[PDB]
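> generate a structure from the sequence data that follows.
(chains A, B, C, D, E, F and G, ligands or ions: 2)
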Amino acid sequence: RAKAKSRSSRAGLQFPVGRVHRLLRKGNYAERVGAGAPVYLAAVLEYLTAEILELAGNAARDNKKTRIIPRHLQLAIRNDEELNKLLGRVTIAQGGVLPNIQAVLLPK
Amino acid sequence: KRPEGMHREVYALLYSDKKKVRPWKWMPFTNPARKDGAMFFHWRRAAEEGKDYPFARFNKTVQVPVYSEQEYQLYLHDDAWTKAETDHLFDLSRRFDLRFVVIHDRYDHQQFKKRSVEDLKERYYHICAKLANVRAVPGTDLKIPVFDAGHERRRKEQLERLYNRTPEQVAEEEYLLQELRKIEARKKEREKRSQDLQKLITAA
Amino acid sequence: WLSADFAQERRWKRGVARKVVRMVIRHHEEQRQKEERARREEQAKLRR
Amino acid sequence: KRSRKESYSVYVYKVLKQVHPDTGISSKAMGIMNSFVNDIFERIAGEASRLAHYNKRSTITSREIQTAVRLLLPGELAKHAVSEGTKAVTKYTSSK
Amino acid sequence: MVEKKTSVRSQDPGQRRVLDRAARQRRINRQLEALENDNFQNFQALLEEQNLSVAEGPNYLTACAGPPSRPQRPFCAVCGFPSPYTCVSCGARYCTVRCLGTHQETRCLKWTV
Amino acid sequence: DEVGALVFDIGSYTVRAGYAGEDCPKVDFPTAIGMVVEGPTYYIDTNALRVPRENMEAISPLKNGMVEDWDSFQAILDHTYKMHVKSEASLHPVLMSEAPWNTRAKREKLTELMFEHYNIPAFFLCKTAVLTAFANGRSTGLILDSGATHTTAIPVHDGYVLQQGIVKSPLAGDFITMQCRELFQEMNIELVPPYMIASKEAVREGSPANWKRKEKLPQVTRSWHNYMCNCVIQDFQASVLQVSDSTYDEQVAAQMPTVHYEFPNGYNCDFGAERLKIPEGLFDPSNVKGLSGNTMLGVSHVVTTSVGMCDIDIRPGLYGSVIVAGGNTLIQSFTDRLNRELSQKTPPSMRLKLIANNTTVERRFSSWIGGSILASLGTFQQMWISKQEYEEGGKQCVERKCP
Amino acid sequence: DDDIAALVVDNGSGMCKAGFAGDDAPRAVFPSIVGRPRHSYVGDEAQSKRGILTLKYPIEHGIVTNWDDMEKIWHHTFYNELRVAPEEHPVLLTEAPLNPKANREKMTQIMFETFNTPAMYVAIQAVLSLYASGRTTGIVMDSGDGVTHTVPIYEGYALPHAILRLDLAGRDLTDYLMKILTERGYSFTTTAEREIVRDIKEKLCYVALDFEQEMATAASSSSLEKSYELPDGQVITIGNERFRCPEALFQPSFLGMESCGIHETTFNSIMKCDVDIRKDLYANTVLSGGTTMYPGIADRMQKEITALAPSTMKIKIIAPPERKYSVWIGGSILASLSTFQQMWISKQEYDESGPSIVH
Ligand SMILES: Nc1ncnc2c1ncn2[C@@H]1O[C@H](COP(=O)(O)OP(=O)(O)OP(=O)(O)O)[C@@H](O)[C@H]1O
Ligand SMILES: Nc1ncnc2c1ncn2[C@@H]1O[C@H](COP(=O)(O)OP(=O)(O)OP(=O)(O)O)[C@@H](O)[C@H]1O
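Numbering: from 1, shown residues only, chains lettered A, B, ... in the order given. Ligands and ions are numbered 1, 2, ... in the order given. Structure data below:
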């Protein structure tokens, strides 16, 4: 038959719409999924992934490292005002913290 | 009233959350990479009819030295090889781009005595070496490790015994293989363990 | 490169031919759903 | 006799390699990159689930998905996510 | 067939977060040293023996003229012609809408890392 | 790169012809064409060739895959040029297949014949093995070809044939045809070729046919009758035969299912173990009554001997790139059986891999497909033997140019 | 909206069959000839000026003089239809039984450079007809005035290794009937008569399977020698050329050409196919082209093949009643198709890659 086109490709996404919708079809998140839910969900998922990978890589470069470590994730998700909010109640393994030293605990 | 008029899903998402005149032509073209002037025909646009062929750069001739008659006579002379016996090797070298697994098979065994791959390789290499040696002085890198034929004759051979081993040496060898561990464990787990126990019982 | 290109082209054109056969099969059974649609419109006329 | 386990590593490297051509990503950082995707997927799908159920609906839809993205992501985060998805649904229903 | 770039969606500037002020200086500095740079597209030894040469007397470091009286002129940097405009983000100058287009696509914000 | 040029693959059983860059040949027709010495007159399209004729020869111009009857060969190429291609030969370069064991005299004679009789602009004579390698996407591999006349293993290494590695066996489609003759005779089957039947009626399994013979039949000669019967036999080979997945076992073959078959006159019956016994002779010729002798090599042994005659350094490549071709390889379980026996007899130090082509066009016309792809590359447009090469160097140019 | 605006053309050396597509009969029909001075008319004008014009067929049993004659035929085709070309011109066009690479490059170069068609597609006539036949596969015989095909198309593709051809459908049978007459004084002496010798077929080709009937009738013939109206007003009765002429579609040697007929041609064609897939070529046996409008030849394509084929498979003849036009219909069904547009060739890829595009 026709050369089969995927659902990540037709829409123009990298995250698997087939796999996303798939977790949804047998995920009981609902009872009869439509034909746009996985597309929107994957699009936004991967959008946030890109949003963060950006800040993580930029901080990494600030550290003169070419590989993103979990530190390049703690520093980032705490450096950006809205990523921190979204991931406020999330601990990133082996990420560390940001060097926020209280002003009153300094040399005087 | 609802404007809509577009796709259901996209519509809901958007509102619910408010002359070519370039003639190709059948065209003659000559390949500048060829010396015979052969004219071929091609499917080119109108706007490039007359440009040089773009596949003539993929013509990097493998380099092979070309000894002359005088040069050969002086230095390339070899009691076991004649000029008729040696020019053929270089012709095959060039026509097969200096590869010696395919030069061998097409060797002329009718006028020529039978040679292995290693001897042909060593012969051509001594020829290349002495050709550059005629130069030598012009910084001709007299450091060439020309292909070892002796060790390599062996190295070809002592793979062949391991190539055709129906069982045992392919099958039974597993045993000796395991023994490599055993022979490397139980002896020291023997004579050394004994010596350690002798000292332990000596202090005890 | 060109052998993979040839294989892709042959595979692609065989699939294209098969889905044209399938598409025309769908068009023909739609050209019978046409008669069914006329009959259903007549039943709707009875209901009207 | 294999025990294969799925993950998002293949598409987080497509997106990363595309949005940072020179930058790699460590295996441990890709684990975080995977967990993040699964977490947000859970959040958005759960909020769309609740959205559909509140309106007495048996189907989670992309309209509910957009409203759940409006509820979940903060203001800008939302705007960008909603725009990206919205434009991805009109590029998909136009048979491109 | 498809528009064939939504897959890579490189910039997607909903979160653009401009680079400015000191970053501009960094770029300026970088460009300067690149114009001062060498074949590859000993300098550490030069800097070392120059930091041996630091003193207040007449020497290498104290032989610098300084700022000019005649003020700096604008130039376009895409075609090099006089440039009435400045790029709002990075501060580099240009002279047309076309030049701003090229600059936004290749040199604005992209080489600030 | 791709120019209006003609690809010819002249097999012992059929000839394929077409243009460069096609997925499939423009035409394929029997090489064993028909002739009457009228000069002589020839018939090639199967519609004029299957006519029962006042005189007949069924001449078959090629001997052991090589040209011997140059007149009938010329007639074949003439008819091909103006019946299926329908183009002037002086316009299109010609790429043509040949057997790897073809002699220099034949190459030179074909070169001068091509340039003098067909006035062609350029020429390229290439061996079936290299073409088959190009068709299967590899520069190195063992090319196994089980054709009509002989089954041959030819090593290609870096695009060149290893003459010392060629191994050939007469166990081939014609040998299968002989086995079918013998089996039909031992089953007392009334084989009737299709041309003879005016009409027929249905009959029970194993019962003789109920048919009427045509009244207008002339006194056809023996050779053409043999050809027609052999065509029915080769249809039977497609229809009924199947290789045993492993070494032939009379008990297992007795347990294996039958295949029902019918001959043109209407005689019909089930075939059992025999349809598996015939192809076994291709893989182990020892159990072949009438052909006793240990000098014969079967398909798998042809392969292993061919690779074993090469340098041990290139045997890993050859075993890792076994490319299988020829019509006989379409027999059911042929490739599975070959893979099994080669997995048993390939040394453990080396990987075994068979390229996974399966289509009729692939298996048979790999040589033509190789011509099609080869004639479609810029790097190849400098390899042509041009008409100038011939006018300057003479008939011998084909020896100085491409191997 | 290129399916809705689709145009279809087929030259038809006996009669052209073209038009704005989507309906079941051609809009444009003309005898597909080019007239020149003896010492440029193409539409029912050369057929009258035959006595003062040198007439040439742009058809050569599957080959054409692609530049002059074909461009004139296309140019005329538009005048035999809505003349919509400057507003819309998406096309699919006349094509050979076997000449894709050599035809299509020049053909599409002319059509994109002269006729500037926004969309093009090309395919084998039998593959067009298959989509009137409404099934995946068949022997489609694809007859006409110029060729006698036996192309065994499978799953929408014309497998060229099994495609065979024959040369007895048009001109040959017309001349054969012309020289069967002159035996009885019917006076078909010149081309003006030849052009209605090919219309005697409208009535005379026999009603049933006839290879024995032609023997049985000849001894005591009455009330079967149907008359035909000559242009001279004569109504002469027709003799055993009630059977002589069409017989040669199945006994070419009876016309004097050394071959076996369409039944054997098709049987050999399907015999060169795969052993499994030919099960469907038996299950889908199909007829097309004007020469298949005879009644009895359908019974021939049943019985003459049943005599050769095995008893297990049956002969499912599904010849459409309007088989004169099943190419036209099928091509139309292919061209006027809502979701087919993805398979047009268009002026951007033509410009980026040339007439040597994959088509
Ligand atoms: N479908 C089939 N199934 C089984 N065997 C087949 C089939 N078709 C052909 N054969 C066998 O293959 C033989 C022909 O093989 P093929 O067409 O590959 O030879 P060829 O190209 O003439 O060979 P060569 O190039 O070696 O001279 C026929 O004699 C018949 O024995
Ligand atoms: N009305 C008719 N009744 C019966 N047979 C006919 C009729 N019209 C034409 N024929 C036969 O069919 C032939 C023409 O058929 P058709 O019009 O389908 O061919 P065409 O399209 O002109 O040919 P080609 O496809 O070779 O170019 C005529 O030569 C005659 O043999």
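
> chain G contacts on chain C?
Residues of chain C found near chain G (CB under 8 Å from any CB of the partner chain) are C:9, C:13-14, C:16-18, C:20-21, C:23-25, C:27-28. Where C-beta positions appear, they are placed from N, C-alpha and C, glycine not excepted.

> which one of these is nearest to chain E?
residue C:16 (14.0 Å; CB to the nearest CB).

> packing partners of the helix or strand containing that closest one?
Take DSSP states H and E as the rule and residue C:16 turns out to sit in helix C:2-47. Helix C:2-47 sits against helix F:360-374, helix G:125-133, helix G:326-335, with contacts defined as 3 or more CB pairs under 8 Å, 6 or more residues apart in numbering or on different chains; DSSP states H and E.

> between these, which one is nearest to chain D?
Using CB to the nearest CB, the helices and strands packed on helix C:2-47 put helix G:326-335 closest to chain D, at 19.5 Å.

> with only the CA atoms kept, save the closest one in PDB.
Provided in PDB are the C-alpha atoms of helix G:326-335 (Å, rounded to 0.1, in the frame of the first residue of the first chain):
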ATOM      1  CA  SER G 326     -12.700   1.100 -20.800                       C
ATOM      2  CA  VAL G 327      -9.300   2.700 -21.100                       C
ATOM      3  CA  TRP G 328     -10.900   6.200 -21.300                       C
ATOM      4  CA  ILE G 329     -13.200   5.400 -18.300                       C
ATOM      5  CA  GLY G 330     -10.400   3.900 -16.200                       C
ATOM      6  CA  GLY G 331      -8.000   6.700 -16.900                       C
ATOM      7  CA  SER G 332     -10.700   9.100 -16.000                       C
ATOM      8  CA  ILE G 333     -11.400   7.300 -12.800                       C
ATOM      9  CA  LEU G 334      -7.700   7.600 -12.100                       C
ATOM     10  CA  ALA G 335      -7.400  11.300 -13.100                       C
END
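
> that one vs chain C: in contact?
Yes: contact between helix G:326-335 and chain C, assessed by CB under 8 Å from any CB, occurs at G:333, G:334.

> after that helix, next one along is what?
As the chain continues past helix G:326-335, the following element, by DSSP H and E, is strand G:345-346.

> so which bits of the helix or strand just after that next one are buried?
Of the helices and strands lying after strand G:345-346 in sequence (DSSP H and E), the nearest is helix G:347-353. Buried residues in helix G:347-353, counting neighbours by 16 or more other CB atoms under 10 Å in any protein chain shown, are found at G:347, G:350.

> give the other helices and strands that helix G:347-353 contacts.
Judged by 3+ CB pairs under 8 Å, 6+ apart, the packing partners of helix G:347-353 are helix G:100-113.

> now the longest helix along chain D: buried residues?
Ranked by number of residues, the top helix in chain D under DSSP state H is helix D:27-54. By neighbour count on 16+ other CB under 10 Å, the buried set for helix D:27-54 is D:29-30, D:32-34, D:36-37, D:40-41, D:43-45, D:47-49, D:51-52.

> go on, stretch G:54-65?
For stretch G:54-65, a neighbour-count test (16+ other CB under 10 Å) marks G:55, G:57, G:58, G:59, G:61, G:62, G:63, G:64 as buried.

> ok, residues contacting it?
Here stretch G:54-65 makes contact (CB atoms under 8 Å, 6 or more residues apart in numbering or on different chains) with F:86, G:11, G:13, G:32-38, G:46, G:69-70, G:73, G:94, G:96-99, G:103, G:146-147, G:165, G:167.

> rewinding a little: could you pick out which of the buried residues of helix D:27-54 are near chain F?
Within those, nothing lies near chain F by CB under 8 Å from any CB.

> picking that back up, out of the buried residues of stretch G:54-65, who's nearest residue F:236?
residue G:62 (34.1 Å; CB to CB).

> pick out the residue in chain E sitting closest to chain B.
Counting by CB to the nearest CB, chain E gets nearest chain B through residue E:6, at 15.2 Å.

> give me every residue that touches that residue.
Per CB under 8 Å, 6+ apart, neighbours of residue E:6: A:11, A:12, D:88, D:91.
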